[PDB]
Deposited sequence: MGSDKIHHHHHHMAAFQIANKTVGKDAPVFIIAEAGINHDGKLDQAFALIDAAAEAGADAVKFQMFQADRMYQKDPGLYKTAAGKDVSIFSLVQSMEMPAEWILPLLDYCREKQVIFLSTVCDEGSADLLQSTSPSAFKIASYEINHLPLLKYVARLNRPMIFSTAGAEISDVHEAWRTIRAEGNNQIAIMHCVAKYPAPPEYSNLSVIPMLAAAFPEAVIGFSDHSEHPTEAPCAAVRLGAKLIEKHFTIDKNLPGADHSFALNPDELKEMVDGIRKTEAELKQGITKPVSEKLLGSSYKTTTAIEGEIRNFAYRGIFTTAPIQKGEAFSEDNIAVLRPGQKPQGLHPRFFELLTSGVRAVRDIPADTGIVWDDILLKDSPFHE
């Protein structure tokens, strides 16, 4: 299990691939975005990751579409993007971002991305996983609150499209995540369970080295950690992210641990960090797979008799609403299936909406 992100190997015998996660910590200032890039580079990270798309588009569908409306849906100003990419290319770091639908995917695609990153709550956005898999770039997906079957289904879905360059991140959705909640024994379990996937760890814990290094010495081949330029900035994700020094410190930790392993140096991992190998949601996450993953929702009122289509249902995050049918049924419903009763707009689809009982 190995593949290429840009000019760099990820997986068996390759160095750990380090992603510095900048998020929105540029505070809307382009020069601060360049400074985050600098910090990542000086730290010796492989990749720097920015949020491109706004969270709203994940909970509600937003209505020949104008570029001037498109840009209102993005996190950073569109005029930043080529310059950032240029500046990454010259500081020899790999720019990465996250997609959450077909449209965000297309926007990112238009910049020739090195990999597509998928967040935990889209682990079951199967139409999205299929759509991006067909672009033939590496795919990194996160697994906060997932069980083994979700990980498997996401995996199979990408593989079925002919794309076998997959990395699976273990992750805890709490931020920050107390050490006790790491459950690092999950990393070897996933690696044996998916021996053609490359397995990483997105780290949401505060400490600069204890969980990153323990993960690496349990076999993780990518590490993701948040960083900022200054921890005291009025916290976007500032307060709990690593500052530039701590980032460099983490990297040096990881790289030393790698070379120690090359020498045969053992180093056990604490009971506290190991936790349980049963891949599942934590006590501090609490069944997000039921209330936070995507489902199928009406975007308009649907009337009895009416064909389901791309135009009246969508694969969306529930927010506060009760969950819609699993996204695995989205293709089926839009292939000419019809409502058996009126469905209000903004309501998750349910079996009684599609199954005849009269």
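Chemist: What are the missing stretches of the deposited sequence, listed from start to end?
Modeler: No C-alpha coordinates exist for 1-13, 77-85, 381-385.
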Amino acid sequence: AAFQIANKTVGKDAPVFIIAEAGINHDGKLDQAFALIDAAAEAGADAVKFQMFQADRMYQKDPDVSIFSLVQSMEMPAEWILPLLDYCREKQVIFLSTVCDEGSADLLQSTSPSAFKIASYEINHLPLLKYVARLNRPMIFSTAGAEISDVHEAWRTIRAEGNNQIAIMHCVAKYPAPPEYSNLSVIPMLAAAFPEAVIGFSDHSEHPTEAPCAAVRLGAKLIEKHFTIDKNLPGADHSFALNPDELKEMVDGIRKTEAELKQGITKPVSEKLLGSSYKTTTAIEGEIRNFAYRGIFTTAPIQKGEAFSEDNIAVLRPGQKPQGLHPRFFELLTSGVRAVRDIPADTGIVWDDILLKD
From here on, numbers count along this sequence of modelled residues.
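Chemist: Can you tell me which stretch has the higher mean Cα B-factor, 277-285 or 177-185?
Modeler: Here the higher of the two C-alpha B-factor means belongs to 277-285.
Chemist: Which has the higher mean CA temperature factor in the PDB entry, 230-238 or 189-197?
Modeler: Stretch with the higher mean C-alpha B-factor: 230-238.
Chemist: For the listed residues 108, 74, 119, 216, which one has the largest C-alpha B-factor as given in the deposited model?
Modeler: Answer, based on the entry's C-alpha B-factors: 74.
Chemist: Determine, from the deposited record, the chain-internal third of the Cα B-factor for residue 290: lowest, middle or highest.
Modeler: According to the entry, residue 290 has a C-alpha B-factor in the chain's highest third.
Chemist: Quick one: classify residue 145 as lowest, middle or highest third of the chain based on its Cα B-factor.
Modeler: Answer is highest: the recorded C-alpha B-factor places it there.
Chemist: Could you look up the Cα B-factor of residue 354 in the entry and say which third of the chain it sits in: lowest, middle or highest?
Modeler: According to the entry, residue 354 has a C-alpha B-factor in the chain's middle third.
Chemist: How does the C-alpha B factor of residue 60 compare with the rest of the chain: lowest, middle or highest third?
Modeler: Answer is highest: the recorded C-alpha B-factor places it there.
Chemist: Lowest, middle or highest third: where is residue 52 by Cα B-factor in its chain?
Modeler: Highest third - that is where residue 52 ends up once the chain's C-alpha B-factors are sorted.
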